[PDB]
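Below is one structure; the comments refer to it alone.
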Amino acid sequence: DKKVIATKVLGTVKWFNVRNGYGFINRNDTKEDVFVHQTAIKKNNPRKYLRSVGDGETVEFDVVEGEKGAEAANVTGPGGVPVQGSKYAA
DNA sequence: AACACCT
């Protein structure tokens, strides 16, 4: 019964640290930060062994209401393009 | 899952 706050929504990655294992994405439609995790990334750069999201890179994802706040899921690049990811990515 | 720093 998980509620989906939003669907395919374009946003911008404020910053994502590979070492930390977590990061935040700033939605350009709501200007509100959302929780994001590597396991929440459906598609990513194939050249990267570890899933990651590039900083300053526009991303597309669905917003799902979370207990701690909005949660991002199925994060992919625009037009189905794979996420570039971060350089720190393995 | 509740906040930035790493090769």
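Numbers run from 1 along the shown chain.
Heads up, the Cβ atoms here are built off N, Cα and C, so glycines get one too.
Annotated features, as they stand in Swiss-Prot:
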- A:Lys87: ubiquitin cross-link (CROSSLNK)
- A:11-75: domain 'CSD' (DOMAIN)
- A:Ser52: phosphoserine (MOD_RES)
- A:15-20: region 'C5-methylcytosine binding' (REGION)
- A:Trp15: site 'Important for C5-methylcytosine-recognition' (SITE)
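Positions of Swiss-Prot features highlighted on the structure.
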residue: A:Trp15; record: site 'Important for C5-methylcytosine-recognition'; DSSP (3 states): strand
residue: A:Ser52; record: phosphoserine; DSSP (3 states): coil
residue: A:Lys87; record: ubiquitin cross-link; DSSP (3 states): coil
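Within its own chain, A:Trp15 (site 'Important for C5-methylcytosine-recognition') has A:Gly23, A:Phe24, A:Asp55 as residues 6 or more apart in sequence whose C-beta sits under 8 angstroms from its own. The Cβ of A:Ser52 (phosphoserine) lies under 8 Å from the Cβ of A:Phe16, A:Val18, A:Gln38, A:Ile41, A:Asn44, A:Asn45, A:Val83, A:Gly85, A:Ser86, A:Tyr88, A:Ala89, each on the same chain and at least six residues away in sequence. When Cβ atoms from all protein chains are considered, those within 10 Å of A:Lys87 (ubiquitin cross-link) total 10, not counting its own.
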